[PDB]
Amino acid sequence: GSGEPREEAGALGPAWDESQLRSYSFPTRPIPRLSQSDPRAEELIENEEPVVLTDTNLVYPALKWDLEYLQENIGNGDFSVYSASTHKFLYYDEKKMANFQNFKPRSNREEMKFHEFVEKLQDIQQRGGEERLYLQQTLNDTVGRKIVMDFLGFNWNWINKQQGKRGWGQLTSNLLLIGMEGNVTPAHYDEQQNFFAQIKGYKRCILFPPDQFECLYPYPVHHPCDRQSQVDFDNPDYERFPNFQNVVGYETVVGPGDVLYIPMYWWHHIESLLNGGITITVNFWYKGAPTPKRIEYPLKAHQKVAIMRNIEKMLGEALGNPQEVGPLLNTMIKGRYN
């Protein structure tokens, strides 16, 4: 798992303990925790393999962030906040919510001001409410002067260098995530390179490599939950998803100042530790490097995923209706390829 709980500086005791981690049916090895100066870490990023960097100072300035400081300086723009009656926040692509009407979301998005979120947070706390929230907002110009000072204080010199070394595309956005303890963003993968910077609280991150596609069972590309796993990690349906019993993960727990590199196309499960208080994180999404001129065989796992994704995309276009993708695909393999 995440190895023995790290000890805080100043003999402040274990940062967190096992009882704070949820229980799952699969085994996991620990993700490496190295210094950005360590050549081994530079080797893991270059080979698009996860690695937790402990000293980057990527978001040094934000480490002082907490609800009061942000409400005070985050500005007056709107902030997306998802609601849930469960600890699981499954993502829903609203634009895709037309292809599937027999579908109803378990997480509602709601725009609101920062002070409204903090207060909404506080009400629940006192009235003993089981309801949960998760703020997920892209950072944009409409933020306070102090926050703009912090942002500019991030270690751009180090990250822009990584950007350069890996050939990545432009930085597409910085997502700010503030969630309640126990909150869980279920397994899924993103089509961008991600430098996950922990600011406040502790988060358990379980990753699975691209070649684990067959064990994770993503929803159909045209479905609102495209890029997410259909497997309930709390109650896995082995009859529908047999290969989930063969899934092996990479795990770790990040805290204030840790930067987790989540390679593009790598599956991730993120959970804010139980009873650890709220959590704050800011991610850095970069477009992947362009496809090389000469294709090398055998193809990489992530490339096959890219292919399967396009097949489903073209088929949905060609048939004129995503609902026909399934029946055509089955007809194509039944008694022919299976």
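A residue's number is simply how far along the shown sequence it sits, counting from 1. Basically, rigid core = biggest C-alpha set you can superpose within 1.5 Å across the two forms.
Each structure in 8 other deposited structures of this protein is fitted to the shown form on the rigid core, and of 98-106 and 220-228 the C-alphas lie farther away on average for 98-106. Mean CA temperature factor is higher for 70-78 when stretches 211-219 and 70-78 are set side by side in the entry.
For the two regions 158-166 and 101-109, the entry's Cα B-factors average higher over 101-109. When the C-alpha B-factors of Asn174, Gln245, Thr185, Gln122 are ranked from the entry, the top spot goes to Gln122. Ranking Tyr92, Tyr202, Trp266, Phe195 by the C-alpha B-factor listed in the PDB entry places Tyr92 at the top. For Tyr189, the recorded CA B-factor ranks within the lowest third of the chain. Only modelled residues enter the ranking. Looking at the C-alpha B-factors along this chain, the one for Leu319 belongs to the middle third.
Annotation for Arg294: C-alpha temperature factor in the highest third relative to the rest of the modelled chain, per the entry. Per the deposited record, the Cα B-factor of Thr138 falls in the middle third when ranked against the other modelled residues of its chain.
Ranked by C-alpha B-factor against the other modelled residues of its chain, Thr331 falls in the lowest third.
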